[PDB]
Every structure is written in structure tokens, then in C-alpha cells.
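Have a look at the structure below, then the notes.
Start at 1 and go down the list; that is how both ligands and their atoms are numbered. Position 1 is the first residue of the sequence; numbering continues from there.
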Amino acid sequence: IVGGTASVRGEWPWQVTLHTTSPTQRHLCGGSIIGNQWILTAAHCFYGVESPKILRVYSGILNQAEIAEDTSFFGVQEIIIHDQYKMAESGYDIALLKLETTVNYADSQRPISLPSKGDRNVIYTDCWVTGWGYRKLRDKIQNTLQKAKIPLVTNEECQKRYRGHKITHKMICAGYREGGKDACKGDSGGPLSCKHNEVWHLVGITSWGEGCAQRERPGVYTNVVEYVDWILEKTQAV
Ligand SMILES: O=C(N[C@@H](Cc1ccccc1)C(=O)NCc1cc(=O)[nH]c2ccc(Cl)cc12)c1ccc2[nH]c(=O)cc(O)c2c1
Ligand SMILES: [Cl-]
């Protein structure tokens, strides 16, 4: 996260840190708890991941220092990537992780509500992006979960800012005209969370951008409301 601040413990209790054990253990991506056995994240996080067996999900984490070899984690039973996903910049950057055990909800870890299809008209004015990513384009993974308030931009505006890309209605953008605050490397798969009427929704998934925090380069997020049928369909049994 560029231009953000340290979070309070438990203010983002849907936020997970997804780790890989290969070759040694490190943070890979963000993700959101959406159900007792379900993390929602970005499809591009699994480039070159051959097996779900090298994945570990940590919940209720503020600082990465909390993760040691004795720290408990959720194993991943199944990675489900959207079958139309080819790569982040051309959309469909959405994946589900089916955990091996279920999350026991608490003030430290519980789920975020998916957007309603009826919410497509709501103008959100209280949106935050969170993560352990870089504080600038060349940098490293941060210890403490950062947060940044960032206004959504319209798809017409965002399209103007990426004339070499096709910014579709299944993408949503957010950023300042002058830059300054943004997601950056390490943040992807994490939530773009918008509070409306005292209720938080999972409006987007951190996907990509050109650079981090540049002027006239909004962050691009998976537009979650566009995938509520896909999520329902994929999270059923057998
Ligand atoms: O590059 C990373 N993530 C990329 C995506 C990715 C994920 C997994 C493997 C390869 C690449 C990212 O966050 N991508 C999102 C992203 C990148 C960027 O440069 N600018 C942005 C501007 C706006 C928005 Cl919304 C997103 C971005 C990434 C992930 C985990 C890491 N762990 C480490 O221990 C050390 C790292 O250096 C590291 C880097
Ligand atoms: Cl472009």
C-alpha cells in the first residue's frame, strides 16, 4: 500500500495473508474471507502454483511477525480459478480458495458481505484498500497491515487513463488524479472494501495498475458484483 497508514488490529477481520511455502515461506497475496470455508482472491496469484499443498492461509493477522513455524494456518483444499481468466489485465481475475478446515468466526476473523446486484447504483464514498504490499514500486513486503482511503473512479475516466487496455464493466477503478495513494506489489488478491450504511461490502479485488500510485493511473480491481452468480455457482457442494 502506497501513502497509507498502519491498520488497527481487527479493523479488517476479513483480510487474510496467503502464503506459499516454496522455496521458503513468504507472503504471496491478499484475500478476503467470504464464507466459513472460502477465501476470495485474484487468479493471477497462482501463476506457477502447481499444487494447493504449498499454500497456507493466515487469518486474524495484523503483523507478519505473528507468523512463525508454530502459528496456526488454514490449508487449502482446492484452488478454483475462473475458466475465462487468461491474465490480470484482460479481466476475470478472480479465484476461490476452498480451505481444508472451517474458520471459527470472531472479532479477529469473520467474513465480508458480497455486494448486492441492487447496489450497482450506490455511490460509495468510503472505500479502503488494505495490504502488506510495497510502500513504493521498488520496496518490500511490510510487517504491519496498511490501509488507504481511495475514491472510486468511473469506467469512462479509468478508460481514458489506460488507452492501451480495455477497461470493462467487470473491472472497477480507484485512485486520485494526482496519484499518491494506491495498492502496490503484494497487495493483489486483497479487498477493496466500501462502507455504506454502516455495512462493509467487498466491492473489488486488487488486480493491477501501471506503476504504483502514479498520477492519472488509477488502480484496477475486479468488480465483485459482476461475479456473485459465479461465486454462488462455484461455492456449492459436489
Ligand atoms: O509482485 C507481487 N505481487 C503482484 C502480483 C503478483 C502476485 C503473485 C505473483 C506475482 C505477481 C501484485 O501485487 N500486483 C498488483 C499490483 C502491482 C503493481 O505493480 N501495481 C499495482 C497498482 C494497482 C493495483 Cl490495484 C495493483 C497493482 C508480490 C507478491 C508477493 C511478494 N512476496 C514477497 O515476499 C516479496 C515480493 O517482492 C512479493 C511481490
Ligand atoms: Cl494503457
Taking non-hydrogen atoms only, is [X] closer than 4.0 angstrom to ligand 1 via side chain, backbone, both or neither?
{"X": "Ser207", "answer": "backbone"}
{"X": "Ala88", "answer": "neither"}
{"X": "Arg26", "answer": "side chain"}

Could you check whether any heavy atom of [X] sits closer than 4.0 Å to an atom of ligand 1, since that is the contact criterion I want to use?
{"X": "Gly133", "answer": "no"}
{"X": "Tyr134", "answer": "yes"}
{"X": "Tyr47", "answer": "no"}
{"X": "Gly211", "answer": "yes"}

Indicate yes or no: does [X] engage [Y] in a salt bridge with an N to O separation below 4.0 Å.
{"X": "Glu156", "Y": "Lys160", "answer": "no"}
{"X": "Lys117", "Y": "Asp229", "answer": "yes"}
{"X": "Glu226", "Y": "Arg120", "answer": "yes"}

Return a yes/no value for [X]: is any of its N or O atoms, backbone included, closer than 3.5 angstrom to an N or O of ligand 1?
{"X": "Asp182", "answer": "no"}
{"X": "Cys45", "answer": "no"}
{"X": "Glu210", "answer": "no"}
{"X": "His27", "answer": "yes"}

Between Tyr58 and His19 (judged by ring centroids, cut-off 6.0 Å), do the two rings come close enough to count as a pair?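 Yes, ring centres under 6.0 Å apart.
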For the rings on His82 and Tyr227, is their centre-to-centre separation under 6.0 Å?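 Yes, the ring centres sit under 6.0 Å apart.
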Ignoring hydrogens and geometry beyond distance, is a side-chain donor-acceptor pair present between [X] and [Y] at under 3.5 Å?
{"X": "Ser32", "Y": "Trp14", "value": "no"}
{"X": "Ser188", "Y": "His44", "value": "yes"}
{"X": "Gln37", "Y": "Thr102", "value": "no"}
{"X": "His201", "Y": "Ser113", "value": "no"}

Please identify which atoms of ligand 1 are closer than 4.0 Å to at least one heavy atom of [X].
{"X": "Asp187", "answer": "13 (O)"}
{"X": "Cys184", "answer": "13 (O)"}
{"X": "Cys212", "answer": "18 (C), 19 (O), 20 (N)"}
{"X": "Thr206", "answer": "25 (Cl), 26 (C)"}
{"X": "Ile141", "answer": "31 (C), 32 (N), 33 (C), 34 (O), 35 (C)"}
{"X": "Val220", "answer": "25 (Cl)"}

For atom 11 (C) of ligand 1, decide whether some protein heavy-atom distance is shorter than 4.0 Å.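 Protein heavy atom within 4.0 Å of atom 11 (C) of ligand 1: absent.
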Under 4.0 Å from atom 27 (C) of ligand 1, can you find at least one protein heavy atom?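 So far as the 4.0 Å threshold goes, atom 27 (C) of ligand 1 is in reach of a protein heavy atom.
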Give me the nearest non-hydrogen protein atom to [atom] as residue plus atom name, then the distance to 0.1 Å.
{"atom": "atom 1 (O) of ligand 1", "result": "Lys185 CG, 3.3 Å"}
{"atom": "atom 13 (O) of ligand 1", "result": "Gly186 N, 2.8 Å"}
{"atom": "atom 29 (C) of ligand 1", "result": "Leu28 O, 3.2 Å"}
{"atom": "atom 4 (C) of ligand 1", "result": "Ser188 OG, 3.8 Å"}
{"atom": "atom 6 (C) of ligand 1", "result": "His44 CD2, 3.8 Å"}

Show your working on side chain to side chain donor-acceptor pair (under 3.5 Å) between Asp93 and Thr222 and close with a plain yes or no. CA-CA 6 Å; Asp93 191 15; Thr222 308; 4.6 Å; no
With a 3.5 Å distance limit and no angle check, can you tell me whether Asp187 reaches the backbone of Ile1 through a side-chain donor-acceptor pair?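 A pair under 3.5 Å: yes.
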Sub-3.5 Å donor-acceptor pair from the side chain of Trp132 to the main-chain atoms of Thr144, do we have one?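 Looks like no, no N/O pair under 3.5 Å.
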I'd like to check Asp126 versus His196 (side-chain heavy atoms, cut-off strictly below 4.5 Å). Are they in contact?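 No - every pair of side-chain heavy atoms lies 4.5 Å or more apart.
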Please list, chain by chain and in numerical order, all residues satisfying side chain to side chain contact (heavy atoms under 4.5 Å, CB included) with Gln214, sequence neighbours excluded.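 Residues passing side chain to side chain contact (heavy atoms under 4.5 Å, CB included) with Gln214: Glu210, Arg217.
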